[PDB]
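A short worksheet on the structure shown next.
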Amino acid sequence: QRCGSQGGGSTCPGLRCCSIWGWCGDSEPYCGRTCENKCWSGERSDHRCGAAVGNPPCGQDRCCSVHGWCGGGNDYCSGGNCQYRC
């Protein structure tokens with residue numbers, strides 16, 4: 001769906017990446033070099049995520065767990081275990 005500067009100013013569902021073209025997605029064109037917001041490179045050095053730190057993104061193949069940390073695998077990414085970028 002649409003997002004960001006080219007797409008009305010919105011934030012993507014599931015806090016996914018918004019590309020410079022104003023579309024949401026989870027792959028390189030959206031999240032890498034041509035990303036505008038909630039980009040892979042935007043993960044905090046401390047790996048925290050969630051509402052308390054302003055809903056930052058997580059890196060590639062990482063998700064924000066319900067406990068408030070980015071990481072890879074089932075404990076961060078699977079249903080119930082995951083809050084966004086699942």
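Labels for the structure tokens follow display order: chains A, B, ..., residues from 1 in each chain, ligands from 1.
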Compile a residue-level contact table for stretch 47-72 of chain A against stretch 25-35 of chain A at a cut-off of 12 Å, reporting for every qualifying residue the shortest atom pair and its distance in Å to one decimal, with only C-alpha atoms counted, rows ordered by chain and ascending number, as a tab-separated table.
residue	atom	partner	partner_atom	distance
A:57	CA	A:31	CA	9.8
A:58	CA	A:31	CA	10.1
A:59	CA	A:31	CA	8.8
A:60	CA	A:31	CA	8.2
A:61	CA	A:26	CA	9.1
A:62	CA	A:26	CA	10.8
A:63	CA	A:26	CA	11.2
Between atom CA of residue A:65 and atom CA of residue A:21, distance in Å (one decimal):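 The value is 28.3 Å.
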Excluding residue A:22 and any residue of its chain fewer than 5 positions from it, enumerate the residues within 7 Å of it, using only C-alpha atoms, and give them as JSON, numbers by chain. {"A": [2, 3, 4, 5, 6, 7]}
Just checking: using only C-alpha atoms, which residue out of A:46, A:1, A:23, A:14 ends up closest to residue A:82?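 Using only C-alpha atoms, residue A:82 sits closest to A:14.
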In Å, how far is it from atom CA of residue A:38 to atom CA of residue A:83? 14.7 Å
As an mmCIF file with N, CA, C and O atoms, in the first residue's frame, which residues of chain A does DSSP assign to helix (DSSP H, G or I)?
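Produced file part-v4.cif, reproduced below:
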data_model
loop_
_atom_site.group_PDB
_atom_site.id
_atom_site.type_symbol
_atom_site.label_atom_id
_atom_site.label_comp_id
_atom_site.auth_asym_id
_atom_site.auth_seq_id
_atom_site.Cartn_x
_atom_site.Cartn_y
_atom_site.Cartn_z
ATOM 1 N N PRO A 13 1.452 -0.850 6.999
ATOM 2 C CA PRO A 13 0.968 -1.911 7.871
ATOM 3 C C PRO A 13 2.137 -2.770 8.305
ATOM 4 O O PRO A 13 3.077 -3.041 7.530
ATOM 5 N N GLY A 14 2.141 -3.177 9.564
ATOM 6 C CA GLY A 14 3.149 -4.009 10.157
ATOM 7 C C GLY A 14 4.507 -3.294 10.285
ATOM 8 O O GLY A 14 5.510 -3.951 10.542
ATOM 9 N N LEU A 15 4.460 -1.981 10.160
ATOM 10 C CA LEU A 15 5.656 -1.143 10.245
ATOM 11 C C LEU A 15 6.729 -1.572 9.277
ATOM 12 O O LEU A 15 7.932 -1.535 9.572
ATOM 13 N N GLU A 28 14.662 -5.754 -0.581
ATOM 14 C CA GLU A 28 15.699 -4.765 -0.804
ATOM 15 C C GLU A 28 15.265 -3.458 -1.412
ATOM 16 O O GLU A 28 15.660 -2.377 -0.935
ATOM 17 N N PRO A 29 14.480 -3.470 -2.487
ATOM 18 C CA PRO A 29 14.042 -2.232 -3.122
ATOM 19 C C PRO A 29 13.278 -1.320 -2.194
ATOM 20 O O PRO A 29 13.237 -0.084 -2.363
ATOM 21 N N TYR A 30 12.591 -1.876 -1.188
ATOM 22 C CA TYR A 30 11.837 -1.117 -0.234
ATOM 23 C C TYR A 30 12.631 -0.756 1.033
ATOM 24 O O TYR A 30 12.411 0.293 1.604
ATOM 25 N N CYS A 31 13.522 -1.664 1.429
ATOM 26 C CA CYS A 31 14.151 -1.617 2.737
ATOM 27 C C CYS A 31 15.634 -1.283 2.718
ATOM 28 O O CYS A 31 16.199 -0.996 3.788
ATOM 29 N N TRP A 40 16.053 -1.110 6.898
ATOM 30 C CA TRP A 40 16.898 -2.105 7.580
ATOM 31 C C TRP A 40 18.009 -1.412 8.357
ATOM 32 O O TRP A 40 18.369 -1.861 9.446
ATOM 33 N N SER A 41 18.595 -0.383 7.759
ATOM 34 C CA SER A 41 19.740 0.290 8.381
ATOM 35 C C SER A 41 19.362 1.091 9.589
ATOM 36 O O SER A 41 20.257 1.620 10.303
ATOM 37 N N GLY A 42 18.088 1.244 9.917
ATOM 38 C CA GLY A 42 17.590 1.997 11.002
ATOM 39 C C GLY A 42 17.455 1.239 12.320
ATOM 40 O O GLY A 42 16.987 1.852 13.294
ATOM 41 N N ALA A 51 6.952 0.408 21.147
ATOM 42 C CA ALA A 51 6.434 1.727 21.402
ATOM 43 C C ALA A 51 7.278 2.591 22.298
ATOM 44 O O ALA A 51 7.325 3.824 22.109
ATOM 45 N N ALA A 52 7.972 2.020 23.269
ATOM 46 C CA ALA A 52 8.760 2.789 24.216
ATOM 47 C C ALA A 52 9.932 3.509 23.582
ATOM 48 O O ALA A 52 10.442 4.487 24.151
ATOM 49 N N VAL A 53 10.411 3.021 22.438
ATOM 50 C CA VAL A 53 11.533 3.669 21.758
ATOM 51 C C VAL A 53 11.114 4.201 20.397
ATOM 52 O O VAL A 53 11.927 4.378 19.488
ATOM 53 N N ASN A 74 12.051 -17.902 15.256
ATOM 54 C CA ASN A 74 10.736 -18.089 15.807
ATOM 55 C C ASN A 74 10.424 -17.266 17.033
ATOM 56 O O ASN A 74 9.272 -16.842 17.230
ATOM 57 N N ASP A 75 11.395 -17.101 17.936
ATOM 58 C CA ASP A 75 11.157 -16.388 19.173
ATOM 59 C C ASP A 75 10.856 -14.916 18.983
ATOM 60 O O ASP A 75 10.243 -14.279 19.845
ATOM 61 N N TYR A 76 11.229 -14.364 17.823
ATOM 62 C CA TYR A 76 10.955 -12.969 17.527
ATOM 63 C C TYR A 76 9.882 -12.804 16.447
ATOM 64 O O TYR A 76 9.190 -11.799 16.414
ATOM 65 N N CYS A 77 9.800 -13.778 15.547
ATOM 66 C CA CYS A 77 9.050 -13.635 14.321
ATOM 67 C C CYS A 77 7.754 -14.390 14.205
ATOM 68 O O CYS A 77 6.953 -14.067 13.293
ATOM 69 N N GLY A 79 3.936 -15.725 14.939
ATOM 70 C CA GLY A 79 2.678 -15.296 15.440
ATOM 71 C C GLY A 79 2.680 -14.547 16.756
ATOM 72 O O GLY A 79 2.950 -13.346 16.800
ATOM 73 N N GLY A 80 2.208 -14.619 17.782
ATOM 74 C CA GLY A 80 2.181 -14.437 19.222
ATOM 75 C C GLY A 80 3.511 -13.913 19.751
ATOM 76 O O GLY A 80 3.525 -13.086 20.666
ATOM 77 N N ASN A 81 4.612 -14.406 19.202
ATOM 78 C CA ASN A 81 5.937 -13.983 19.640
ATOM 79 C C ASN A 81 6.315 -12.626 19.045
ATOM 80 O O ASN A 81 7.249 -11.982 19.520
#
Spatial neighbours of residue A:49, max dist 7 Å, only C-alpha atoms, sep filter under 6 positions, as a ChimeraX atom specification: /A:55-56,64,68-70
Please, could you write that set of residues out with N, CA and C atoms as a PDB file, in the first residue's frame?
ATOM      1  N   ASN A  55       8.868   2.890  18.008  1.00  0.00           N
ATOM      2  CA  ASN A  55       8.629   1.948  16.944  1.00  0.00           C
ATOM      3  C   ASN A  55       9.648   1.977  15.823  1.00  0.00           C
ATOM      4  N   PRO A  56      10.908   1.778  16.138  1.00  0.00           N
ATOM      5  CA  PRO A  56      11.958   1.728  15.116  1.00  0.00           C
ATOM      6  C   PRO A  56      11.885   0.449  14.333  1.00  0.00           C
ATOM      7  N   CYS A  64      10.395  -7.578  15.308  1.00  0.00           N
ATOM      8  CA  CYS A  64      10.260  -6.975  16.625  1.00  0.00           C
ATOM      9  C   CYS A  64       9.361  -7.841  17.513  1.00  0.00           C
ATOM     10  N   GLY A  68       9.877  -6.539  22.992  1.00  0.00           N
ATOM     11  CA  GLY A  68      10.499  -5.266  22.666  1.00  0.00           C
ATOM     12  C   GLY A  68      11.927  -5.370  22.157  1.00  0.00           C
ATOM     13  N   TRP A  69      12.292  -6.443  21.509  1.00  0.00           N
ATOM     14  CA  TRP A  69      13.641  -6.571  20.951  1.00  0.00           C
ATOM     15  C   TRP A  69      13.576  -7.100  19.529  1.00  0.00           C
ATOM     16  N   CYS A  70      14.489  -6.606  18.677  1.00  0.00           N
ATOM     17  CA  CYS A  70      14.634  -7.126  17.330  1.00  0.00           C
ATOM     18  C   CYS A  70      15.473  -8.409  17.363  1.00  0.00           C
TER      19      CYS A  70
END
Atom pair atom CA of residue A:17 / atom CA of residue A:37: separation (Å): 5.9 Å
Given only C-alpha atoms as the counted atoms, nearest of A:54, A:45, A:10, A:66 to residue A:24: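 Among the listed residues, the smallest separation from residue A:24 belongs to A:10.
Nearest-residue note for residue A:16: choosing from A:73, A:78, A:39, A:48, the minimum distance belongs to A:39, counting only C-alpha atoms.
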Using DSSP secondary structure from the backbone, list all strand (DSSP E) positions within chain A, as a PyMOL selection string. chain A and resi 17-19+24-25+35-37+63-65+70-71+82-84
May I have the selected residues written with N, CA, C and O atoms, as a PDB file, in the first residue's frame?
ATOM      1  N   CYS A  17       8.810  -1.444   5.483  1.00  0.00           N
ATOM      2  CA  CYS A  17       9.608  -0.371   4.861  1.00  0.00           C
ATOM      3  C   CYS A  17       8.809   0.399   3.824  1.00  0.00           C
ATOM      4  O   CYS A  17       8.092  -0.208   3.011  1.00  0.00           O
ATOM      5  N   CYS A  18       8.982   1.707   3.777  1.00  0.00           N
ATOM      6  CA  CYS A  18       8.416   2.534   2.717  1.00  0.00           C
ATOM      7  C   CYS A  18       9.506   2.933   1.749  1.00  0.00           C
ATOM      8  O   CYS A  18      10.513   3.526   2.208  1.00  0.00           O
ATOM      9  N   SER A  19       9.399   2.586   0.485  1.00  0.00           N
ATOM     10  CA  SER A  19      10.424   2.945  -0.501  1.00  0.00           C
ATOM     11  C   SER A  19      10.316   4.430  -0.892  1.00  0.00           C
ATOM     12  O   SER A  19       9.337   5.081  -0.633  1.00  0.00           O
ATOM     13  N   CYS A  24       4.921   0.187   0.140  1.00  0.00           N
ATOM     14  CA  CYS A  24       5.329  -0.632   1.257  1.00  0.00           C
ATOM     15  C   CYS A  24       5.825  -1.995   0.862  1.00  0.00           C
ATOM     16  O   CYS A  24       5.205  -2.625  -0.029  1.00  0.00           O
ATOM     17  N   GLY A  25       6.855  -2.508   1.508  1.00  0.00           N
ATOM     18  CA  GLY A  25       7.322  -3.859   1.227  1.00  0.00           C
ATOM     19  C   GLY A  25       8.409  -4.295   2.194  1.00  0.00           C
ATOM     20  O   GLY A  25       8.742  -3.600   3.153  1.00  0.00           O
ATOM     21  N   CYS A  35      15.244   2.879   0.275  1.00  0.00           N
ATOM     22  CA  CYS A  35      14.237   3.012   1.329  1.00  0.00           C
ATOM     23  C   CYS A  35      14.095   4.418   1.842  1.00  0.00           C
ATOM     24  O   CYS A  35      15.120   5.104   2.066  1.00  0.00           O
ATOM     25  N   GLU A  36      12.901   4.877   2.131  1.00  0.00           N
ATOM     26  CA  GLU A  36      12.648   6.173   2.722  1.00  0.00           C
ATOM     27  C   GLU A  36      12.424   6.095   4.229  1.00  0.00           C
ATOM     28  O   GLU A  36      12.830   7.027   4.939  1.00  0.00           O
ATOM     29  N   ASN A  37      11.700   5.094   4.727  1.00  0.00           N
ATOM     30  CA  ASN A  37      11.378   5.055   6.156  1.00  0.00           C
ATOM     31  C   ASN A  37      11.265   3.604   6.617  1.00  0.00           C
ATOM     32  O   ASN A  37      10.900   2.717   5.842  1.00  0.00           O
ATOM     33  N   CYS A  63      12.694  -9.420  13.242  1.00  0.00           N
ATOM     34  CA  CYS A  63      11.379  -8.965  13.600  1.00  0.00           C
ATOM     35  C   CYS A  63      11.377  -8.361  14.993  1.00  0.00           C
ATOM     36  O   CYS A  63      12.306  -8.671  15.782  1.00  0.00           O
ATOM     37  N   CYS A  64      10.395  -7.578  15.308  1.00  0.00           N
ATOM     38  CA  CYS A  64      10.260  -6.975  16.625  1.00  0.00           C
ATOM     39  C   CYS A  64       9.361  -7.841  17.513  1.00  0.00           C
ATOM     40  O   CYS A  64       8.164  -7.971  17.231  1.00  0.00           O
ATOM     41  N   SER A  65       9.948  -8.457  18.525  1.00  0.00           N
ATOM     42  CA  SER A  65       9.173  -9.358  19.407  1.00  0.00           C
ATOM     43  C   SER A  65       8.251  -8.574  20.308  1.00  0.00           C
ATOM     44  O   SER A  65       8.387  -7.392  20.545  1.00  0.00           O
ATOM     45  N   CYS A  70      14.489  -6.606  18.677  1.00  0.00           N
ATOM     46  CA  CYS A  70      14.634  -7.126  17.330  1.00  0.00           C
ATOM     47  C   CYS A  70      15.473  -8.409  17.363  1.00  0.00           C
ATOM     48  O   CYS A  70      16.471  -8.448  18.120  1.00  0.00           O
ATOM     49  N   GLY A  71      15.209  -9.350  16.491  1.00  0.00           N
ATOM     50  CA  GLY A  71      16.048 -10.540  16.371  1.00  0.00           C
ATOM     51  C   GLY A  71      15.486 -11.456  15.285  1.00  0.00           C
ATOM     52  O   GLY A  71      14.406 -11.216  14.769  1.00  0.00           O
ATOM     53  N   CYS A  82       5.594 -12.206  18.018  1.00  0.00           N
ATOM     54  CA  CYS A  82       6.002 -11.042  17.223  1.00  0.00           C
ATOM     55  C   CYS A  82       5.022  -9.904  17.248  1.00  0.00           C
ATOM     56  O   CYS A  82       3.804 -10.114  17.083  1.00  0.00           O
ATOM     57  N   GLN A  83       5.493  -8.658  17.391  1.00  0.00           N
ATOM     58  CA  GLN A  83       4.630  -7.506  17.392  1.00  0.00           C
ATOM     59  C   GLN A  83       4.578  -6.784  16.056  1.00  0.00           C
ATOM     60  O   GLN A  83       3.502  -6.286  15.679  1.00  0.00           O
ATOM     61  N   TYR A  84       5.688  -6.678  15.344  1.00  0.00           N
ATOM     62  CA  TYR A  84       5.688  -6.054  14.019  1.00  0.00           C
ATOM     63  C   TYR A  84       6.871  -6.529  13.189  1.00  0.00           C
ATOM     64  O   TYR A  84       7.813  -7.142  13.666  1.00  0.00           O
TER      65      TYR A  84
END
